[PDB]
Amino acid sequence: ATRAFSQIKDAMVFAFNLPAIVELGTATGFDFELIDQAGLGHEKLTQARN
Amino acid sequence: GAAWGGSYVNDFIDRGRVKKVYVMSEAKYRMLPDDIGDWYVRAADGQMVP
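The structure is reproduced here in structure tokens:
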């Protein structure tokens, strides 16, 4: 399904299976939070994220 | 009440944080009892009643 939908234009369509434990969700990688600690603002935080 | 004790009007945004807005009399106009004579109230006809 993902291979077939990769041809779809003007949309990102991605098919995937359920996690074993949906309550915990995925455990595949890492979850990282970038925090604005000095009141930089949304734009500066966006630049830092980029 | 607003002149002599302060009044919390609403919130504003200081460096991305919600903070209060207060309206109060300047210090020197709410110090002594005689300062009560400095304040006027508008009447329905627009006159200033002490």
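Quick note, the sequences are listed as chains A and B, same order.
Mapped onto PDB author numbering, the consecutive letters of the first sequence carry residue numbers 651 to 700.
Mapped onto PDB author numbering, the consecutive letters of the second sequence carry residue numbers 751 to 800.
Each residue gets a CB set at the ideal place from its N, CA and C atoms; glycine is no exception.
Measure the alpha-carbon distance for residue i versus residue j and round it to whole angstroms.
i                         : j                         : result
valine 791 of chain B     : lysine 770 of chain B     : 26 Å
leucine 674 of chain A    : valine 759 of chain B     : 44 Å
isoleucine 786 of chain B : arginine 780 of chain B   : 7 Å
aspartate 764 of chain B  : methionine 662 of chain A : 38 Å
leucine 782 of chain B    : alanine 753 of chain B    : 13 Å
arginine 767 of chain B   : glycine 755 of chain B    : 25 Å
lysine 694 of chain A     : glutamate 683 of chain A  : 15 Å
For a contact defined as C-beta to C-beta under 9 Å, what are the partners of residue i on chain B?
i                      : result
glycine 689 of chain A : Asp764, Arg765, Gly766, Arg767
For residue i, which three-state DSSP category applies?
i                         : result
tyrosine 772 of chain B   : strand
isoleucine 763 of chain B : strand
Using a beta-carbon distance below 8 Å, is residue i in contact with chain E?
i                        : result
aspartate 660 of chain A : Checking the listed chains, one finds no chain E in this structure; the protein chains it contains are A and B.
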